[PDB]
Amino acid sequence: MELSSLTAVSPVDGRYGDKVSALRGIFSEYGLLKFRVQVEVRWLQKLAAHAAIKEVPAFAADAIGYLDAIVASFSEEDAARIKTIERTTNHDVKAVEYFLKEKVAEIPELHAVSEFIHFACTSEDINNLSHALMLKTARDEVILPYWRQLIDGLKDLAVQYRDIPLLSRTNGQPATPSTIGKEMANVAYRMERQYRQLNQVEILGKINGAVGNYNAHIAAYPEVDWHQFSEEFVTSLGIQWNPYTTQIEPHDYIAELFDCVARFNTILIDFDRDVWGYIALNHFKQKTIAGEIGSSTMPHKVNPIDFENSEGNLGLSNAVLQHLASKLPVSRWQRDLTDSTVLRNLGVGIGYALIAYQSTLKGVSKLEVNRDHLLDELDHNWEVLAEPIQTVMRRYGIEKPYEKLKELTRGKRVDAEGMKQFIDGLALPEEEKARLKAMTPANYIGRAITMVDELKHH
């Protein structure tokens, strides 16, 4: 069978292919080849612009334009030609070199310096810079914008549900109340920390020849400061310079990038699970679309499939991201080639994540808080007032406060009247007694609401 979204082995290009279309122009073989062409061309232009390198005179305006067009117009047809050449070379980057030499052959000025294409370069000089550009593009144009959508989305939920009381669950058991909004706020805050970290991750690049010592460069141009030339070229591409490497850029920054993405994903997994649970408890109703089918056999079903889809894909994302993070930075001696094939999977780990981000956003858009249920549940759990009562008792020196409340509530059902009766028998100033009799599980929410309102201050 020919490849199509229906026949694709992986769901990243298959069932969810339309959810990650932007990655097809970045992490695919086409994307890799596109970026390699960009790097090769930029290298030739720097050599030409470098006065000390007389063998490569400055290019005329039209020659520079011809070169820039090769970069900007790079097509699948161009990539297909490179692969055709690769059939002969069985070496992808050499095929890129030969492809570029073919392209400039018709332009005398360029053909003249044809043998300067890839001059003194090793394949990894081209590959690592290509990977850097792929990752930088992915982060700045795709990943961060989804993270911002998720963060803004959670904040909106926090504000929207700021004052909606919730019977908290610790150890899965009824506990001291909070508000739906506050529980949303906690997640936004965590996501924000990771967003800052991802944005601060360095994206490194290098260019220094075969084993990282500019051997070939120096042999031909011993008078040129290639260490300076290297830093200038890498930074000219918008990449941060990595001065010490072997044949390959070590890949530590890729682990740094993926580790933070995995942390964010983990926070999202936690969120997907919690909401799945709130929906199970009926604290949230789900918006329904006319025509849709919840269950093939149970007509009444309305399921949180978006949160579940996201949860599953986040696990897959982390499995791939984690493997790359831990495996890439280890390479035998000056390097073994196992990282090449692995690096063709940078978009895979990212892709599962993007699919999950969209699913979560989709699930969030269908949330309908159920205040009635939330409040009704709280009204059936007056035992949660045992904490404040004992704490107040502690304040006013009443003996064994915690112990007395434990005797009253642990393993015992106690309603409002019962809790109220206990308070009345306490040796406390009327003012405090009345203050205690005035609280309910629904209003025993502490600083929850204000916590939500102050989030914007962090």
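In case it trips you up, residue 1 is the first one in the sequence shown, and so on.
Comparing the deposited coordinates for 342 to 350 and 72 to 80, the stretch with the larger average C-alpha B-factor is 72 to 80. When the mean C-alpha temperature factors of 33 to 41 and 399 to 407 are read from the deposited coordinates, 399 to 407 comes out higher.
The PDB entry assigns its highest CA temperature factor, among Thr245, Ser114, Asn171, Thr122, to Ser114. The top Cα temperature factor in the record, among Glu141, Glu202, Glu387, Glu311, falls on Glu141. When all modelled residues of the chain are sorted by CA temperature factor, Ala8 is found within the lowest third. Looking at the C-alpha B-factors along this chain, the one for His373 belongs to the highest third.
In this PDB entry, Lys287 carries a Cα temperature factor that places it within the highest third of its chain's modelled residues.
Among the modelled residues of its chain, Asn381 has a C-alpha B-factor that falls in the highest third according to the deposited record.
Sorting the modelled residues of the chain by their CA temperature factor places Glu102 in the highest third.
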